Amino acid sequence: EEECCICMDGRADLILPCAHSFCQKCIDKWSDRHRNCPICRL
Ligand SMILES: [Zn+2]
Ligand SMILES: [Zn+2]
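PDB author numbering applies: residue 1 is where the sequence shown begins, and numbers increase by one.
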């Protein structure tokens with residue numbers, strides 16, 4: 001799985017081991033803790 005899983009910036013700069021990608025932009029806006037995903041933790 002690639003491409004951002006939120007704003008679909010167009011490509012996945014970081015494909016988490018959970019299949020939840022997140023472009024840098026977004027990754028630079030979210031705190032991100034526990035090397036987890038916001039779509040899962042919630
Ligand atoms: Zn994004
Ligand atoms: Zn996840």
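Quick reminder that beta carbons are idealized off the backbone N, C-alpha and C, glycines included.
Inter-residue spacing [alpha-carbon to alpha-carbon] between residue i and residue j
{"i": "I27", "j": "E3", "result": "13 angstroms"}
{"i": "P38", "j": "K25", "result": "15 angstroms"}
{"i": "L14", "j": "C23", "result": "6 angstroms"}
{"i": "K29", "j": "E1", "result": "21 angstroms"}
Rounded distance between the beta-carbons of residue j and residue i, thought under 8 angstroms
{"i": "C5", "j": "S21", "result": "5 angstroms"}
Backbone secondary structure at residue i - three-state DSSP
{"i": "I15", "result": "strand"}
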